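**Student:** What would the 3D arrangement of this be:
(2 chains)
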Amino acid sequence: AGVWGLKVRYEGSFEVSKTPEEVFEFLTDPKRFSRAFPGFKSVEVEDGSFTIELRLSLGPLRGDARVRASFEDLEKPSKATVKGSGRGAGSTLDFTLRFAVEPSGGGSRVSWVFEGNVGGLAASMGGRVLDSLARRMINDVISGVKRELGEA
Amino acid sequence: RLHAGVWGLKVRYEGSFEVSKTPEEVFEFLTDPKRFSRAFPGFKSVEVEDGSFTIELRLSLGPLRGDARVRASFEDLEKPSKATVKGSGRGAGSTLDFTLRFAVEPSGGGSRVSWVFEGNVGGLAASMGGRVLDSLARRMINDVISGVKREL
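**Tutor:** Residues are numbered from 1 along each chain as shown, chains lettered A, B, ... in the order given. Pasting the structure now:
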């Protein structure tokens, strides 16, 4: 026998003009933050847990995908953790996302760490390709966050 | 983009091979780094102290070609049959963190060696498609097993 899967970690931070309270509220409201995702299709929210359906264009990795997740840590207006899984037509993701919001000149800095395990179709693609695709998703989400908050 | 990420490939291989020697003879060989390191193609050096060891290799695998170092320790031991080796390795562009477990059992008078190798691969080895790394990994495994047979 011989088998494999991928482990991934990303970390970063970005700044927005909004107050930490306004930013934390947005980043803990799935109905609002789901619209930051490229290819957003729908969201369901209850009891701190949510599922987002997306159309992926990312792509060798394409088509409908579903992310199901729950808040764990949730300390207003400064820190949150989300744990969940993602599925497309042939791939799996299990992940943890931790973020912090701090005052930054009356604006906010959002700092974040994503860790995940990827299985299925995608586990073959190798890190150079997957990094390209992951960076597209991250940039699109962060741009979406800035857009939905009314930055610029 | 103030974000960065890294990908690692988690791999598991399992196998068995037979050898024309007694379990005690095979087990002694497989627990003496001065003996078993010679099984590695590209072997340059091994230094032992006690139950812990550092091997330096010239790899020619590869895309994966160059100087490599592994530092490992025997972590579990059952003096005719079983052992565990845990360690880590690096070249100029890739990393490895691994556990190898083996059992030396009797068979046909002689012995059979059954083993499981689990690795987290980083860097260049992880950036390539998982399918390319798999072919290289099994090539190395085959060359090492051949080297074991030769040395014995």
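
**Student:** so what's the residue in chain A that chain B sits nearest to up against?
**Tutor:** At 2.6 Å from chain B, residue A:12 is the closest residue in chain A, using Cβ to the nearest Cβ. Placement of C-beta: from N, CA and C, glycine included. By Cβ atoms under 8 Å, 6 or more residues apart in numbering or on different chains, the residues touching residue A:12 are A:111, A:112, A:138, B:1, B:2, B:3, B:4.

**Student:** Buried members of those into ChimeraX, please.
**Tutor:** The following ChimeraX line selects those of these that are buried, judged by 16 or more other Cβ atoms under 10 Å in any protein chain shown:
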select /A:112,138 /B:3
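
**Student:** before we move on, the earlier item: would you mind writing the CA trace of the host helix or strand of the residue of chain A closest to chain B as CSV?
**Tutor:** Residue A:12 belongs to strand A:2-16 when assigned by DSSP states H and E. Taking Å, rounded to 0.1, in the frame of the first residue of the first chain, the C-alpha atoms of strand A:2-16 are listed here in CSV:
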residue,chain,number,x,y,z
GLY,A,2,0.9,3.7,-0.5
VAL,A,3,-1.4,6.7,0.2
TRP,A,4,-1.2,10.5,0.7
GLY,A,5,-3.0,13.8,1.6
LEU,A,6,-2.0,17.4,2.0
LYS,A,7,-1.5,19.6,5.1
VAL,A,8,-1.6,23.3,4.7
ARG,A,9,-1.0,26.4,6.8
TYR,A,10,-1.5,30.1,5.8
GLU,A,11,-1.1,33.1,8.0
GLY,A,12,-1.4,36.8,7.4
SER,A,13,-3.0,40.1,8.3
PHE,A,14,-4.7,43.0,6.6
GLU,A,15,-6.1,46.4,7.6
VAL,A,16,-9.4,48.0,7.3
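
**Student:** what angle separates the helix or strand following it from strand A:2-16?
**Tutor:** Following strand A:2-16 in sequence order, the next helix or strand is helix A:20-27 (DSSP H and E). If you take axes from the mean of the first three to the mean of the last three Cα atoms, to 10 degrees, helix A:20-27 sits at 140 degrees to strand A:2-16.

**Student:** Which elements pack onto helix A:20-27?
**Tutor:** Judged by 3 or more Cβ pairs under 8 Å, 6 or more residues apart in numbering or on different chains; DSSP states H and E, the packing partners of helix A:20-27 are helix A:30-33, strand A:91-104, strand A:107-120, helix A:127-149.

**Student:** got the contact list for that helix?
**Tutor:** A:16, A:18, A:32-33, A:76-78, A:80, A:99, A:101-103, A:108, A:110, A:145, A:148-149.

**Student:** filter those down to the ones close to chain B.
**Tutor:** Among these, no residue lies close to chain B (Cβ under 8 Å from any Cβ of the partner chain).

**Student:** Of these, select the buried ones using a ChimeraX command.
**Tutor:** Typed into ChimeraX, the line below selects the buried ones among the contacts of helix A:20-27, using 16+ other Cβ under 10 Å:
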select /A:16,18,33,77,80,99,101,108,110,145,149
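
**Student:** which neighbours does the strand holding residue A:12 have in its sheet, and in what orientation?
**Tutor:** Applying DSSP bridges, strand A:2-16 is found paired with strand A:107-120 (antiparallel), strand B:3-19 (antiparallel).
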